[PDB]
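Visitor: Have a look at this one before I ask anything.
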Amino acid sequence: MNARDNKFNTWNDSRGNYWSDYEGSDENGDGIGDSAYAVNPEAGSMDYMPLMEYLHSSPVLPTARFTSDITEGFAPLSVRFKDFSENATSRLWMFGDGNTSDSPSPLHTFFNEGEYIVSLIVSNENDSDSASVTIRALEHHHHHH
């Protein structure tokens with residue numbers, strides 16, 4: 001049995017009401033109107049081209065022409081060929097023996113008969129012309145009844 005005098009009480013108290021406000025109002029705009037006009041009059045439809053035509057320049061070419069002494073008959077001993085080569089640089093006599101153009105005789109001796117073909121051929125810087133004729137030397141006693 002004893003006595004004790006004690007009183008206990010603890011006071012803690014916190015009070016406060018705090019707040020903030022967002023203040024954010026700002027404007028920034030942009031813009032630009034640009035017009036552009038170039039002065040273009042018309043289109044360049046400008047075209048000029050003249051015409052000069054010439055004619056066809058007609059060239060001259062040779063002609064190998066000749067006459068045979070006989071055309072048909074008995075084979076003779078003198079058959080002179082007369083050439084009528086026109087527009088020719090040179091006339092070439094081709095018999096088929098040895099050389100050519102240089103013939104020792106304008107007349108030829110047919111020692112036998114037969115059907116020959118003589119060809120005169122001429123040459124020129126433009127063209128060359130050759131023509132042949134059938135030399136008909138008839139065989140003796142060849143027509144049998």
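Numbering starts fresh at 1 for the residues of each chain in the structure tokens, the chains themselves are lettered A, B, ... in the order given, and ligands are numbered from 1 as they appear.
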Can you tell me, as a ChimeraX atom specification, what residues are no more than 8 Å from residue 124 (chain A) when counting only C-alpha atoms, ignoring any on the same chain fewer than 2 positions away?

Guide: /A:61-62,87-90,122,126-128

Visitor: Could you check the closest approach to residue 78 (chain A) for each of A:54, A:111, A:95, A:66 and tell me which residue wins, using only C-alpha atoms?

Guide: A:111

Visitor: Quick one: residues within 9 Å of residue 70 (chain A), only C-alpha atoms counted, chain neighbours fewer than 4 positions away excluded, as number ranges by chain?

Guide: A: 74-76, 79-80, 135-137

Visitor: Tell me, in Å to one decimal, how far CA of residue 141 (chain A) is from CA of residue 81 (chain A).

Guide: 26.7 Å

Visitor: Name all residues at most 7 Å from residue 93 (chain A) (count only C-alpha atoms; drop same-chain ones fewer than 4 positions away) and give them as a count of residues only.

Guide: 5

Visitor: Using only C-alpha atoms, which residue out of A:102, A:115, A:47, A:30 lies closest to residue 71 (chain A)?

Guide: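 Ranking A:102, A:115, A:47, A:30 by distance to residue 71 (chain A), first place goes to A:115.
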